[PDB]
């Protein structure tokens, strides 16, 4: 007998439940329609604590407070940006958010498996810019191994997990203050 997709999703979430925090190392690539304007495969990290996360990827350091506010520093533009992201925008930068909070918006189904892995498919009940989310997990213990988000326009955001570890994440990792970026331009997008 084998678990439902919902069952596998809730077994995968257990791997991110360390109370003091979880560190995820990954590689990610965005493949744009017709491969025009794609972003190359590169490396990143996510620190999770409760509903908060700190994302390091590309030129960006981003923090989500677990409520409604995303703050991110872009080292290439020298801007500190504060915004109210949509639920879809959060999944696009942190696909594992589908595991850390209750989500009312997606139908769940099992997709064809891989060698030693399972594949869970999530499709929105209401249009939201996302066509499908695909979470890859290890067949032994449902440990997340990767994710792919396909946008309605065909963009593929592909994430490969290269490590999951324990960490003691302090309050300070989930805040960005203007003093920490000499000369930074603050842009309030709220």
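Residue numbers count along the first chain shown, from 1.
Higher mean CA B-factor, judged across 74-82 and 101-109 from the recorded values: 101-109. Mean CA B-factor, 25-33 versus 139-147: the higher value falls on 139-147. Based on the entry's C-alpha B-factors, the most elevated value among 127, 46, 133, 161 belongs to 127. Per the PDB record, residue ranking by Cα B-factor puts residue 69 in the lowest third of the chain. In this PDB entry, residue 173 carries a Cα temperature factor that places it within the lowest third of its chain's modelled residues.
Per the PDB record, residue ranking by Cα B-factor puts residue 123 in the lowest third of the chain. Ranked by C-alpha B-factor against the other modelled residues of its chain, residue 39 falls in the highest third.
Among all modelled residues in this chain, the alpha-carbon of residue 114 has a temperature factor (C-alpha) in the highest third.
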